[PDB]
Amino acid sequence: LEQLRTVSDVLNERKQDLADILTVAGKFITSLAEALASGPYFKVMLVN
Amino acid sequence: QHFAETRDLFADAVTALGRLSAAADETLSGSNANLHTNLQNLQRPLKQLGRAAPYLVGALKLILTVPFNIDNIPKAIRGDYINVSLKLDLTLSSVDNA
Amino acid sequence: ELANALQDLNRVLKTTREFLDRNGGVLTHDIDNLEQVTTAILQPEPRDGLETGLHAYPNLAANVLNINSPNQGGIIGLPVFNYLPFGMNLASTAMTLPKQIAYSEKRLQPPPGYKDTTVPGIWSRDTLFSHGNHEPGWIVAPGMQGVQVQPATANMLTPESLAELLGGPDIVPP
Amino acid sequence: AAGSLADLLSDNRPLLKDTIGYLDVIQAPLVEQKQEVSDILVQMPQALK
Amino acid sequence: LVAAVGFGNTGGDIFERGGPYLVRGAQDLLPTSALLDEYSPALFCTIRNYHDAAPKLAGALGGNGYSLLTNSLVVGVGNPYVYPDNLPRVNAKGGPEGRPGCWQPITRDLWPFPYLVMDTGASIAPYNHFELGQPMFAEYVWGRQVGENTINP
Amino acid sequence: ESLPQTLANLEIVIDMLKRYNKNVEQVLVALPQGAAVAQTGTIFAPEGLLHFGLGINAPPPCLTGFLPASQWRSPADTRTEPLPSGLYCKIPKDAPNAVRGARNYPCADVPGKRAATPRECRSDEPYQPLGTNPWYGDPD
């Protein structure tokens, strides 16, 4: 219970960071997986 | 005589304990077999996670973003364009394999 | 009855008091921290983030697995008015080899006399001219229901396998 | 309630003991490196964006 | 008796608020618990391999400090997915050799990873030969292309 | 005020994982193979293997449903901006292009349906494409 306390404390101090992770990672996974959908490859825009 | 003095308090205590115990009984009867089965099934993932517990903190650097390592993202990707260095190899080994 | 009940009640009262004096003060803190972190990750925005991740990650995983070419190693990335009206695809190299193919399930392994297609569970025939949908008599793996087909493959997939790909009963392979 | 709790404990005591042991062995490395977890959780949102 | 009144009221309130929640959670945890148990063997090896590969995939993209290191060789690509047959599926199950697990670590001594075909509707299994692309030439004005789309190249 | 909330949140999480059980199973199957693939492709320690496929414009990119062509930013600016939401290939949901895109992800809660997000999986409003992708601009 004590080690769970310290783990949960470091998690609770960074609960806003967990929420930010979920928020900013749930809004681009479809967009990122879109590129590698056409075929057995992934498109790239080689600017140079 | 003293029991007659505190009959109301005794009845209140019994009723409060019964109120607690009814909810406790319904919870512990509706979650006996399900909890037993969930623990029996979760034993193995717990053991295997204990095996991999030392390496989990290092794996979190990659196990979420499989091809990207979190440490050097802010300097590899400078905004809208991923940086890259192209090594166009035309050796006969690459030609034979490709 | 009553003597054992009294003795056990006294013992469990002492044990409970020791337990609560020992563990309650940290158990409360653990419960509070768990509640706060779960509430932080179950706000509507994290809720939809988790929902979209759970929805869209398996397909990303399957596609990136299909990206990798075992024989050439690494990942294949082709380069790319909006774009040119004409496009070409000269040829496709041998990404895998017959020796390098391992099946995730024992039902997806083709029987002797048939080979695998780019859609797992659909088994074509193996001959010199079998490339390009030219051999009739294909079979489909059991439990492959729910896959739509084009008319070209459906004309070559026999009645039984085509029915199984949409209907209930599973075919009996020869 | 007394009978139900007695039955639940009589059925789930060994599994709870094993669960506590596995939880201890899982959490010991995490507590040993409780600062690296904080650092990666702080850093990950920037990389994700 | 007074302490029993207070404790009974408080505990009854807490249990009445949080009992059905726990019951339905423990009822819904059966499939997730069975799934986690079924695919337990591929947990330790997965985490070990990711820990091993983390320094390498970190030094690859962090070695220069301003770019990423890649080895670029030209190759041919396969036919794009057809509409009905190659639709996404989430019916993946099992692991290598039919049961969940991991391959032994891939050094240079055993470099080619065995390709694992899963019930997803997309695969690159029959790419065992050099063949010309089925949509070899395509026109994007009237949507007419040379060759016939297929799943059996 | 803490234990009931914790139990409710755990119930929510367990229900969500029960509705997406097959999704979790597929990810847990594809993670070990992903590790094996990384091991195969990382035989060279400093350099990773990245091949380029031959054939130009064989699959064309769908710019329908993504950022406008005039909103592309110059590479000379390293400033990071907030990422917009709801961008994916909005083609009419046929043809060989982008068959395995977001518009075809099976919906776990709704049998026999495909949508990009669970929000669109739940909505009963029929899916309407933004438009077929042209090659002479105006992709809207």
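Numbers restart at 1 for each chain; the letters A, B, ... are given by sequence-line order, proteins then strands. Note that these values count all heavy atoms, side chains included, but never hydrogens, waters or copies made by symmetry.
- A side-chain donor-acceptor contact under 3.5 Å links C/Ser104 to the backbone of E/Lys93.
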**Prompt:** Does the side-chain contact (heavy atoms from CB on, under 4.5 Å) test come out yes or no for E/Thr32 and F/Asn21, once each step is laid out?
**Reply:** CA-CA 7 Å; E/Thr32 39; F/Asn21 203 36; 4.0 Å; yes
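- Between F/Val24 and C/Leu54, the closest heavy-atom pair is CG2-CD2, 3.8 Å.
- Taking the six-membered ring for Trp and thresholds of 30 and 60 degrees, E/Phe44 and B/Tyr55 have ring planes inclined between 30 and 60 degrees apart.
- Of the inter-residue distances, the one linking F/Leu54 atom CG with C/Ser92 atom OG reads 11.5 Å to the nearest 0.5 angstrom.
- The two residues A/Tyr41 and C/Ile67 come nearest to each other via the heavy atoms O-CD1, 3.4 Å.
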**Item:** C/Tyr83 vs F/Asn133, side-chain contact (heavy atoms from CB on, under 4.5 Å): CA-CA, chis, key distance, verdict
**Value:** CA-CA 11 Å; C/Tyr83 54 91; F/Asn133 184 19; 3.8 Å; yes
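- Residues F/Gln26 and C/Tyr57 bring no donor and acceptor atom of their side chains to less than 3.5 Å of each other.
- A donor-acceptor pair is defined here as one N or O able to donate and one able to accept, closer than 3.5 Å; such a pair exists between the side chain of C/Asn63 and the backbone of C/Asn59.
- Defined by atom type and a distance below 3.5 Å, a donor-acceptor pair is present between the side-chain atoms of E/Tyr115 and C/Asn66.
- A donor-acceptor contact shorter than 3.5 Å is absent between the side chain of E/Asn71 and the backbone of F/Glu47.
- A donor atom on one side chain and an acceptor atom on the other are found under 3.5 Å apart for F/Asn9 and C/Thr38.
- Of the N and O atoms on the side chains of C/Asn33 and A/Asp9, at least one donor lies less than 3.5 Å from an acceptor on the other residue.
- Atoms CD1 and CZ, on E/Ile106 and E/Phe113 in that order, are 9.0 Å from each other to the nearest 0.5 Å.
- The number of heavy-atom neighbours closer than 6.0 Å to CG of B/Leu88, taken from other residues, nucleotides and ligands shown, is above 12.
- When side chains are defined from C-beta on, D/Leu48 counts as touching B/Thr65, because their heavy atoms get closer than 4.5 Å.
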**Message:** Checking A/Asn48 against B/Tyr81 for the side-chain contact (heavy atoms from CB on, under 4.5 Å) test, could you report, in this order, the C-alpha distance in whole Å, the side-chain angles of both residues, the deciding distance, and whether it holds?
**Reply:** CA-CA 11 Å; A/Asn48 299 333; B/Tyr81 300 106; over 6 Å; no
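- For the atom pair B/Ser94 OG and B/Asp89 CG, the distance stands at 4.0 Å (nearest 0.5 Å).
- No side-chain donor-acceptor contact under 3.5 Å links B/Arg51 to the backbone of E/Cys45.
- Here the straight-line distance linking atom CG of E/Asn128 with atom OG1 of C/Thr96 works out to 4.5 Å at 0.5 Å rounding.
- A heavy-atom distance below 4.5 Å is found between the side chains of E/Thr46 and E/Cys102.
- Side-chain contact annotation: F/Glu25 with E/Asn91, donor-acceptor N/O pair under 3.5 Å absent.
- A donor-acceptor distance shorter than 3.5 angstrom exists from the side chain of C/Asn71 to the backbone of C/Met95, with no hydrogens or angles considered.
- Not a single donor-acceptor pair under 3.5 Å links the side chain of B/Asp80 to the backbone N or O of F/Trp72.
- In this structure, E/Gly62 and B/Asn72 approach most closely via the heavy-atom pair CA-OD1, 3.2 Å.
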**Message:** With side-chain contact (heavy atoms from CB on, under 4.5 Å) as the criterion, how do E/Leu73 and B/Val95 come out once you've worked through the C-alpha distance, each side chain's angles and the decisive distance to 0.1 Å?
**Reply:** CA-CA 8 Å; E/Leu73 55 95; B/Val95 174; over 6 Å; no
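- When side chains are defined from C-beta on, F/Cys89 counts as touching F/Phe66, because their heavy atoms get closer than 4.5 Å.
- Side-chain atoms of E/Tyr50 and B/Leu64, non-hydrogen and from C-beta on, never get closer than 4.5 Å to each other.
- Proximity of a side-chain donor or acceptor of F/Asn97 to a complementary backbone N or O of A/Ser38 within less than 3.5 Å is not detected.
- Relative to the six-membered ring of F/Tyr88, F/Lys90 meets both conditions, a distance below 6.0 Å and an angle of at most 45° to the axis.
- Minimum interatomic distance between E/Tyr39 and E/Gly94 (heavy atoms only, all atoms of both residues): OH-N, 3.2 Å.
- Within the 4.5 Å cutoff, the side chain of F/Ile56 has no heavy atoms near those of the C/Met88 side chain.
- Of all heavy-atom pairs between F/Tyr105 and C/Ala56, the closest is CE1-CB, 3.7 Å.
- Other residues, nucleotides and ligands contribute only 12 or fewer heavy atoms inside 6.0 Å of the NZ atom of D/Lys34.
- The heavy-atom pair separating F/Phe52 from F/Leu50 by the smallest distance is CE2-CD2, 3.7 Å.
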**Request:** Could you go through the salt bridge (charged side-chain N to carboxylate O under 4.0 Å, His left out) check for E/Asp119 and E/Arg89 one step at a time?
**Result:** CA-CA 7 Å; E/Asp119 200 328; E/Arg89 282 169 56 97; 2.9 Å; yes
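- Remark: the backbone N or O of F/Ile43 is not paired with any side-chain donor or acceptor of E/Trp111 at under 3.5 angstrom.
- Annotation for D/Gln33: atom CD counts as buried by contact number, over 12 foreign heavy atoms lying within 6.0 Å.
- At distances below 3.5 Å, at least one donor-acceptor pair connects side-chain atoms of E/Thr107 with backbone N or O atoms of E/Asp109.
- Put simply, the side chain of F/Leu28 reaches to within 4.5 Å of the side chain of E/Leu35, judged on heavy atoms.
- For the atom pair CG of B/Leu60 and CG of B/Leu56, the computed distance is 4.5 Å after rounding to the nearest 0.5 Å.
- The main-chain N or O of E/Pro88 is found under 3.5 Å from a side-chain atom of F/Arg114 such that the two form a donor-acceptor pair.
- Counting non-hydrogen atoms of other residues, nucleotides and ligands closer than 6.0 Å to CZ of F/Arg119 gives a total of 12 or fewer.
- Atom CD of E/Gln104 has 12 or fewer neighbouring heavy atoms from other residues, nucleotides or ligands inside a 6.0 Å radius.
- Atom CD of D/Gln46 has more than 12 heavy atoms from other residues, nucleotides or ligands within 6.0 Å.
- Side-chain contact, F/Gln39 with E/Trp103: no donor N or O sits under 3.5 Å from an acceptor N or O.
- Between B/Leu86 and E/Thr70, some side-chain heavy-atom pair lies under the 4.5 Å cut-off.
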**salt bridge (charged side-chain N to carboxylate O under 4.0 Å, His left out) between C/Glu51 and F/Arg19, intermediate numbers included** = CA-CA 10 Å; C/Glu51 275 268 359; F/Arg19 295 194 292 106; 2.5 Å; yes
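- Note that CG of F/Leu63 and CG of F/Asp140 are 11.0 Å apart. Values are rounded to the nearest 0.5 Å.
- The shortest side-chain heavy-atom distance between B/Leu49 and E/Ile47 falls under the 4.5 Å cut-off.
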